[PDB]
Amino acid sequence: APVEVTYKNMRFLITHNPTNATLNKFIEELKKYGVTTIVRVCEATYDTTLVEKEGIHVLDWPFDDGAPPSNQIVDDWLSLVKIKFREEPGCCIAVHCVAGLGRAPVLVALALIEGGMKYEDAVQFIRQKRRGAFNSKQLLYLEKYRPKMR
């Protein structure tokens, strides 16, 4: 159940975690939504080679289950969003976990908030697509977060 999020010039795809046997259909979905880059915020369970050969680069940036991303991860993520969307406009960034509903939506939400979207509007925008995202800690984290308007 892949989820697409569109705001301003930004496009994100929050997807599931595939297996090595399902890789081809997975790549079909990515290519369908125009996914340039994948960020895995959890354990890496599948070989990226076929994904690389298809022109899709995979970044592995895990952080703690049920936890906000670290400052370094945030900076790398914002920089990544900027460069990738300036490099090939209209393209899509894929973020996925194994577990789901906490971490990847936190990243996407951060991107939206930096895009100027209000906190509550961001959380609501996400939960409209996937119900139950954002546990307590992550909620309060998106609340306390100070956007740099990047």
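In this text, residue numbers run from 1 along the sequence as written.
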When the C-alpha temperature factors are averaged for each of 115-123 and 101-109, which stretch ends up with the higher value in the entry?
115-123
Member of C42, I27, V95, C91 with the greatest C-alpha B factor (per the PDB record)
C91
Splitting the chain's C-alpha B-factors into thirds, which one does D60 fall into?
lowest
Should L140 be placed in the lowest, middle or highest third of its chain by the C-alpha B factor in the entry?
highest
In terms of the CA temperature factor given in the entry, to which third of its chain does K53 belong: lowest, middle or highest?
highest
Looking at the entry's B-factor column for C-alpha atoms only, identify whether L23 ranks in the lowest, middle or highest third of its chain.
middle
Using the B-factor values recorded in the entry, state whether the Cα atom of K82 falls in the lowest, middle or highest third among the modelled residues of its chain.
lowest
